[PDB]
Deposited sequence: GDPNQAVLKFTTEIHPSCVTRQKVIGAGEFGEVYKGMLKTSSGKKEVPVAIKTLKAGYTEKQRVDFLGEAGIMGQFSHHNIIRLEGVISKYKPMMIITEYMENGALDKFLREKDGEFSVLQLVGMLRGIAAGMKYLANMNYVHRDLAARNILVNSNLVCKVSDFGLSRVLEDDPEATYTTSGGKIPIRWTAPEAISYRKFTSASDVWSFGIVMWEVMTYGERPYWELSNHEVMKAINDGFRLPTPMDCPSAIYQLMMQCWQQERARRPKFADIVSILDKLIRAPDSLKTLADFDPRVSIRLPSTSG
């Protein structure tokens, strides 16, 4: 990571809150003053514990190892001065789940699939770098003004509480977190994207979600969802982890679909939950 001097960072506005309250949008002066880039700034408030510092700076240490279009860029950190700060590229549309919920129905199928391809490319890179994310969910994807989606929030990532309904069965039960359990999570992210940010499994409790999954039941198809896309998410949810696609398979399949876009016009049947009978 690069150590940034506080004189090079301005905080302009509050853009969201998180674990280490809070997150600002600001500007970062770079290249000895010739360049100026918009940034997000996460701060660690005074009184933090040793664990909190290890987790806070560890996230930046992980992010700083990566250089990929679909992974949030770390500009640098302020650790020599307080409060400590992690400074990342600014993503104008924030978290993907909240963004889609505010854009319900407004994107095309091709656009949604392109977002998933970007996420998959970032995850393929991450897994190939020998990391497991463990917390892959649309809330942890960020979106810029150009609709590019980037993996973020590496607080739980590791080199080789987590929300149950994004987590593969073997990671829930045995704490066996691998790229294959991340593939399960990616399948849930596919469902989140295609539904414009619906809550996986709706009103089911965590125990009810585990009951359904272990009985072989899976999330139903989203409305207006290409058959190939639903088939792919179903494969990500294979009980046996060795049967799930690898991230390289996911990227390749999504690429083939995007480049032959009539392939996305064959839709999976949306199951009529509600019978409305008219003439």
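Comparing the deposited sequence with the modelled residues, the stretches lacking C-alpha coordinates are 1-10, 171-183, 303-306.
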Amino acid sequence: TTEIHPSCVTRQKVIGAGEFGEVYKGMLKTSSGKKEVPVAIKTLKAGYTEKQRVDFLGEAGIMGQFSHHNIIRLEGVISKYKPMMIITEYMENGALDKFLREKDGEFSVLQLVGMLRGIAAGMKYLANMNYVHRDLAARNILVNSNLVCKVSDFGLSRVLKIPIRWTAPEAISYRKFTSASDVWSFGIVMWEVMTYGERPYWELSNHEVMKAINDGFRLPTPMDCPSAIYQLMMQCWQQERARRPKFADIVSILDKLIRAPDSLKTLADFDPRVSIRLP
From here on, numbers count along this sequence of modelled residues.
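Think of the rigid core as the biggest set of C-alphas that the two forms share within 1.5 Å after superposition.
Once the rigid core is used to overlay the structures in 9 other deposited structures of this protein, the stretch among 212-220 and 54-62 whose CA atoms lie farther from this form is 54-62. The stretch that moves more in 9 other deposited structures of this protein, judged by CA deviation after a rigid core superposition and choosing between 37-45 and 221-229, is 37-45. At least a third of the other compared entries skip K161 while keeping the residues on either side. For the cut-off of one third of the other compared entries, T30 qualifies: that many or more give it no coordinates while modelling its flanks. When the C-alpha B-factors of 117-125 and 86-94 are averaged, 86-94 comes out higher. For the two regions 218-226 and 31-39, the entry's Cα B-factors average higher over 31-39.
Taking only the listed residues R175, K103, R199, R165, the entry reports the highest CA temperature factor at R175. Comparing the C-alpha B-factors of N146, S185, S108, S152 in the entry, the top value falls on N146. Annotation for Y131: CA B-factor lies in the middle third of the chain's modelled residues. Among all modelled residues in this chain, the alpha-carbon of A180 has a temperature factor (C-alpha) in the lowest third. Remark: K246 belongs to the lowest third of its chain, ranked by C-alpha B-factor as recorded. Among the modelled residues of its chain, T195 has a C-alpha B-factor that falls in the lowest third, as given in the PDB entry. Looking at the C-alpha B-factors along this chain, the one for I78 belongs to the highest third.
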